[PDB]
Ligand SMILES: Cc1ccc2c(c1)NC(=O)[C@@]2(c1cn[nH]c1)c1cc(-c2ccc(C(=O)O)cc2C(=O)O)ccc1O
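First, one chain by itself in structure tokens, the form deposited without the named molecule.
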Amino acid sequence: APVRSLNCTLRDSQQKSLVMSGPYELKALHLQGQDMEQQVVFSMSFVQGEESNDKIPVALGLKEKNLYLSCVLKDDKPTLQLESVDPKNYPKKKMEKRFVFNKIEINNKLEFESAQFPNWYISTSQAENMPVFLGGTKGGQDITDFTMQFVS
């Protein structure tokens, strides 16, 4: 059958919202009121992959855009990028591994681990208006926990 998808927003555990501000540039900042329209709406697809009660493989596309978060090596490091795809062919149930995140539920928060790069996570900085990135530890000063808001 098709792939199943939900519209949603994400906020980091310091309640920073995610926005587009540059061509392929997703950023995290404190947002409230009128400016909350600026936040990115995701289409979260439930994709093929290894699954358990609290670890669910997803892809994160931008709503009604042929753009997906992906994990690739850049200048020899696991990095987060926005990648364009053929809009005729996406989303699909069997997403390529660079597109797959394990959505992990721990203590009423979510983490998004790269399926491609184990123990690398979607991360934000504590500072305002810095890139969303792939961080190689769910420890330290960087933020690896999120909440999801379901959107119409």
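Note that residue numbering follows the sequence shown and begins at 1. Whichever C-alpha set is largest while still superposing within 1.5 Å between the two forms counts as the rigid core. Only residues modelled in both forms are compared.
The next section is about a form of this same protein that is not shown, the form solved in complex with the named molecule.
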How would the site be scored, open or blocked, if the named molecule were superimposed onto this chain using its pose in the deposited bound form (blocked means 3 or more ligand atoms within 2.4 Å of backbone or C-beta)?
blocked
Do residue 51 and the named molecule share at least one heavy atom pair within 4.5 Å in the deposited bound form?
no
Hey, in the deposited bound form, is residue 94 touching the named molecule, heavy atoms inside 4.5 Å?
yes
Choose, among 84, 52, 38, 126, the residue with a C-alpha displacement of 2 Å or more between this form and the one not shown when the rigid core is used for superposition.
52
Quick one: residue 50 and residue 6 C-alpha atoms, closer or farther in the deposited bound form compared with this form (3 angstroms or more)?
closer
In the deposited bound form, whether the C-alpha atoms of residue 136 and residue 48 sit closer or farther than here (change of 3 Å or more):
farther
Sequence-ordered runs, three or more residues, C-alpha shift 2 Å or more between this form and the one not shown, rigid core
1 to 3, 47 to 53
